[PDB]
Structure formats: C-alpha cells, structure tokens
Amino acid sequence: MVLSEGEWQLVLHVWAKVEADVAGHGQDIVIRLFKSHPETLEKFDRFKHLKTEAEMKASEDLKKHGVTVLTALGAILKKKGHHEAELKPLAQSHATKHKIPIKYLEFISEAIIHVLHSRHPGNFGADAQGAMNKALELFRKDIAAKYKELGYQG
Ligand code: HEM
C-alpha cells in the first residue's frame, strides 16, 4: 500500500501533538492494551505481575517502556513509508526474542487509535483516523512480510 502525502500530513499533524507528552501517551496506550487484551500482558515477563490499573499507572518502568515504544513508532511514521531500515531490528526482536503474533500488533494499533481519539478529538476526526489506520496497517503488513522472511509466523 501507499499513503498519499495528504494522508501522511494528517498522521504527522496528530503525532506532533502526541509528542508534546510522550510519556503520558505511552502510558495510556500500554495500559489500554493490557486492560483490553490482558493476554498481551503475559508476553512481558517484566510487567506480568502487575494486577491492577493502579499498579500499572504507578510503575515507572512501564512508563519508561511506553516512551521506548512510542519513540520507535514515531521514528517509523516520520519516514513516511521509507522505513525498511527501522523495521528490520524491530521485526527480528519481536519475531525471534519476544514472539509477538501479528494479532497482538493489531491489538496495540487499536489501543493507539483509542487513545488518540480520546485525547485529540479535534485533530482526530474520521479522515485523520482513517489515515492513521492506513499508516498502522502499512506498518503491520511490512512487519508481517519481514516476520515471514525471518521464519516466524505472525
Ligand atoms: C507499535 C508496535 C510496537 C513497537 C514500535 C514496539 C517497540 C519495542 C521496542 C523499541 C522495544 C525494545 C527493543 C526491542 O526489544 O526490540 C520493545 C521490546 C519489547 N516489546 Fe515491543 N513494540 C511494539 C509492540 C509490541 C507488542 C504488541 C508486544 C506484546 C503484546 C510487544 C512486546 C515487547 C516485549 C516483551 C519487549 C521486551 C520488553 C522488556 O522486557 O524490556 N511489543 N518493543
């Protein structure tokens, strides 16, 4: 797939808002993922002991990991599709070391869209959401193709 420049502008316009508070957005997204799809929490040996949302909010570690996740995603979205290099190490660690199924990347995509819709209603109308969804679908498709080449079924 290929996004048009207008779709990338809608994605990077909302992302510039997210970047005003990377840690707050990373925390909301990862918690949203774990609350919605609790099975994803089992993949993190680091955080699986966390039992409640209050414990998740109070974990500095979790907040630090959310920042790492959004910084890496931000770096990929700012390439506007030319992200082949950035994707290689990410696909290798998530397919070989962590073993993350593509279905879980769909679940976090849903969590990113939920949180942006909830924090940025004015910059995340239907067209901007469609463009973000297209950008994350592109990301998932390119990662799934890499998973294949690496020998891991998504
Ligand atoms: C937007 C999609 C995601 C991005 C950009 C992302 C990014 C990262 C980055 C940059 C790291 C540290 C370096 C590395 O190990 O590769 C990492 C580690 C990790 N990721 Fe992801 N990730 C994503 C989705 C997921 C999902 C959906 C899961 C699980 C359901 C997951 C599980 C993990 C685990 C288990 C680690 C190691 C955590 C720790 O022990 O430090 N990732 N991720």
Side-chain angles (χ1 to χ4, degrees), residues 1 3 7-8 10-12 14-19 21-53 55-120 124 128-154:
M1 28 195 303
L3 271 74
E7 288 178 321
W8 281 118
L10 285 172
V11 160
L12 297 173
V14 65
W15 200 255
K17 304 305 182 193
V18 169
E19 293 188 325
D21 179 13
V22 182
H25 281 83
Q27 191 171 222
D28 281 9
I29 284 163
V30 175
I31 287 171
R32 173 57 189 196
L33 174 71
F34 301 157
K35 286 220 287 333
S36 293
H37 307 280
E39 68 268 27
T40 60
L41 182 50
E42 293 305 308
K43 287 281 173 173
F44 290 84
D45 284 355
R46 234 163 126 206
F47 306 125
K48 65 173 147 44
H49 53 304
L50 301 172
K51 302 175 182 288
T52 66
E53 173 174 344
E55 292 187 341
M56 286 172 195
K57 277 160 174 251
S59 166
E60 201 74 41
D61 226 64
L62 195 56
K63 170 173 78 356
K64 158 177 190 1
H65 186 68
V67 167
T68 295
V69 171
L70 292 200
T71 299
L73 182 60
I76 284 163
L77 296 173
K78 287 168 196 192
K79 292 324 278 341
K80 293 164 58 169
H82 297 96
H83 53 230
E84 321 80 18
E86 292 69 15
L87 234 63
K88 278 178 169 174
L90 184 68
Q92 178 176 48
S93 63
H94 287 53
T96 312
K97 179 143 74 245
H98 311 314
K99 278 73 158 210
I100 304 306
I102 289 282
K103 168 197 230 224
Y104 287 11
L105 302 176
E106 291 180 354
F107 293 163
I108 194 168
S109 292
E110 160 199 322
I112 288 157
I113 284 164
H114 178 89
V115 166
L116 302 190
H117 177 68
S118 159
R119 288 180 71 150
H120 310 282
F124 202 70
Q129 179 168 336
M132 182 59 78
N133 176 62
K134 268 190 60 128
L136 297 174
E137 291 194 330
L138 174 57
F139 167 69
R140 293 203 303 273
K141 157 174 87 7
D142 277 9
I143 274 279
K146 267 281 144 344
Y147 273 9
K148 240 91 335 187
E149 300 164 56
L150 292 171
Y152 169 72
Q153 193 359 43

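Keep in mind that the numbers below use all heavy atoms, side chains included, and drop hydrogens, waters and symmetry copies. One-based numbering, in listed order, for ligands and for the atoms of each. Numbers here simply count residues along the sequence, with the first being 1.
With hydrogens left out, the protein atom closest to atom 35 (C) of ligand 1 is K43 O, 3.3 Å, a heavy atom. In this structure, the protein non-hydrogen atom closest to atom 7 (C) of ligand 1 is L90 CD1, 3.6 Å. Counting only heavy atoms of the protein, atom 9 (C) of ligand 1 lies nearest to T68 CG2, 3.9 Å. Ranking protein heavy atoms by distance to atom 25 (C) of ligand 1, first place goes to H94 CD2, 3.8 Å. Summary of contacts: the protein heavy atom closest to atom 32 (C) of ligand 1 is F44 CZ, 3.3 Å. Ranking the protein heavy atoms by distance from atom 16 (O) of ligand 1 puts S93 OG, 2.5 Å first. Atom 26 (C) of ligand 1 has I100 CG2, 3.9 Å as its closest protein atom, hydrogens excluded (heavy atom only). At the shortest separation from atom 4 (C) of ligand 1 among protein heavy atoms lies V69 CG1, 3.9 Å.
The N/O atoms of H98, backbone and side chain alike, include one that comes under 3.5 Å of an N/O atom in ligand 1. Considering backbone and side-chain N/O atoms, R46 comes within less than 3.5 Å of an N/O atom of ligand 1. The N/O atoms of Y104, backbone and side chain alike, include none that comes under 3.5 Å of an N/O atom in ligand 1.
Less than 4.0 angstrom separates atom 13 (C) of ligand 1 from none of the non-hydrogen atoms of the protein.
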Checking salt bridge (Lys or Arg N to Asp or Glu O under 4.0 Å) for the pair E149/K146: CA distance, chi angles, key distance, verdict? CA-CA 5 Å; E149 300 164 56; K146 267 281 144 344; 2.8 Å; yes

Working note: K103 + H37, criterion side chain to side chain contact (heavy atoms under 4.5 Å, CB included); need CA distance, chi angles, decisive distance, verdict. CA-CA 11 Å; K103 168 197 230 224; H37 307 280; over 6 Å; no

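For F44 and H65, the gap between ring centers is short of 6.0 Å.
Counting heavy atoms under 4.0 Å from ligand 1, residue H65 touches it through the side chain alone. If you look at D45 next to ligand 1, there are no close heavy atoms at all, none under 4.0 Å.
Counting non-hydrogen atoms of other residues, nucleotides and ligands closer than 6.0 Å to NZ of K51 gives a total of 12 or fewer.
The two residues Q27 and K63 have their closest heavy-atom pair at OE1-CB, 4.3 Å.
A heavy-atom separation below 4.0 Å is not found between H37 and ligand 1.
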